[PDB]
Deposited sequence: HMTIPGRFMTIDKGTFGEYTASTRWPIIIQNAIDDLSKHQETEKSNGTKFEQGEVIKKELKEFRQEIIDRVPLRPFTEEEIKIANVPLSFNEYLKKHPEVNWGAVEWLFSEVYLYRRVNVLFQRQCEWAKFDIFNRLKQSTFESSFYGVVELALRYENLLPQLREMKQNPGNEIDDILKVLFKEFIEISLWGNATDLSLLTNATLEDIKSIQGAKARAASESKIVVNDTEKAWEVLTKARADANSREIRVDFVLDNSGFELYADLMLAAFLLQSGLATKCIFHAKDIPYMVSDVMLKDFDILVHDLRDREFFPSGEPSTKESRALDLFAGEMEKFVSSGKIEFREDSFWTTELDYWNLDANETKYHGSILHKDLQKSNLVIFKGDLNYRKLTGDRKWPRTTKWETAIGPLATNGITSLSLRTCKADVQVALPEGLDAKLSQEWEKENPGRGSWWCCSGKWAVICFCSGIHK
């Protein structure tokens, strides 16, 4: 369209996307090679599995060099489409963008395509078809969040009786809503000052207020209040008892844990009656949640080698066990449901979460999501897909940036730590201010303030 900006490109000079494509992608692929080598160390050095692994390693090496060499992105072969169940969308994109190469291609398509090429290598090898080359990293990162994991578990156990009372009914509930929304937002970047308040009394205290203010000072667009209004009004409605909340997930580990905590909080307080979680169907963007990552999380909570909370009788051990158990209970009763869909791992932006997307599940998902009271989109990549990853002016109205999602009947909330060039909905002058501030310690990269992960946005749309 004449006034819709183009998408960020791997050749947009001076952008974080350009840096990502030229510098970060080769590192991620080399890391995968190294993690495959690491896994190899734990198995026999011959046989179909070991040999298949050596071959994947060699292909990953060549793939990394392809990115460095900036070669044209090739279509998936018919064999690859069949054996690895690749969506047909990629090849249609490539037909419409002839001879695009790593050196000059849309950042969004190419990043998604990168993980697809990696996954095809695994799916071809029978002994590796379900192996997650990012699992070692996912697990190591979550392992290192022990202190925060325990603090939140302690908090859940402490709050449980009070949440029940609240469900039986509020201004204290609003404070907790902000906390759980913000912890979900920041994920493993959450400061301990927020987490160390593990009782209602500590959360309401001066200390709690200061922690929330510190967090909120970095949330430059903050529509938390709008989501609060939606759920409280739904809870107060004399008619219709079902309150459905959806999570379009981002990272595994602590972020997924914080999302589960937010869901548990909503369920126990009456702000939700059912939460549905939407995961990726292949290893993706390194850390992104797959269905199996939820099972692994629950197992981790109970694993006293992984989370060494001490003898089973510590407050710490009991709280971890309690939460794992709660997760199993919620899944069995259907209060929490996990789903995966190939749509989330295609190149399609979320302007395709619309009835007009009739080929790759977009219309199917849109129709179902219309039924949600609140669809929460987690993290940066989801925000990129909501906005088309386009070069919008940074003051662009949120409703404009999200295209048909402004008017097609989905009520949405983006919780985005800012980690990419795309940025919209800012107040006049704010970009210049933050850019000047960030320019001090990052000469020539002031505009990268919204790529640093230090700031965040919380953006709401009614879908009407």
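No C-alpha positions are given for the deposited-sequence stretches 170 to 174, 470 to 471.
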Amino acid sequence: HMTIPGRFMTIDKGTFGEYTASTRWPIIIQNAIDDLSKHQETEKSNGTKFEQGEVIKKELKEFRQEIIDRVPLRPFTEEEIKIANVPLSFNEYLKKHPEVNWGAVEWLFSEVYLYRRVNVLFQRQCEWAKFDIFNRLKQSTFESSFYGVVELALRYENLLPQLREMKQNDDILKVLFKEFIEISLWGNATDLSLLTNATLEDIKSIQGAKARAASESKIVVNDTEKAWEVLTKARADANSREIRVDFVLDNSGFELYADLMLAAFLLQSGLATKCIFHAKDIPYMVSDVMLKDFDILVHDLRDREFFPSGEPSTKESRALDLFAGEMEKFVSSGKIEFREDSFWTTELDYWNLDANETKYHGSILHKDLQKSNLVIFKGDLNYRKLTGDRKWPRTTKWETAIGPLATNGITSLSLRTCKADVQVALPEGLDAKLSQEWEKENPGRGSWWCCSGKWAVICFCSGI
From here on, numbers count along this sequence of modelled residues.
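Looking at mean Cα B-factors across 444 to 452 and 15 to 23, the upper value is held by 444 to 452. Taking the mean C-alpha B-factor of each stretch as recorded, 41 to 49 and 430 to 438 are not equal, and the higher mean is that of 41 to 49.
As recorded in the PDB entry, 99 shows the highest C-alpha B-factor of the residues 380, 295, 337, 99. Going by the entry's values, 71 shows the largest Cα B-factor out of 227, 192, 149, 71. Per the deposited record, the Cα B-factor of residue 233 falls in the highest third when ranked against the other modelled residues of its chain. The PDB entry assigns residue 353 a C-alpha temperature factor belonging to the middle third of its chain's modelled residues.
Annotation for residue 188: C-alpha temperature factor in the highest third relative to the rest of the modelled chain, per the entry.
Sorting the modelled residues of the chain by their CA temperature factor places residue 333 in the highest third. Residue 407: CA B factor in the highest third of modelled residues in this chain (values from the PDB entry).
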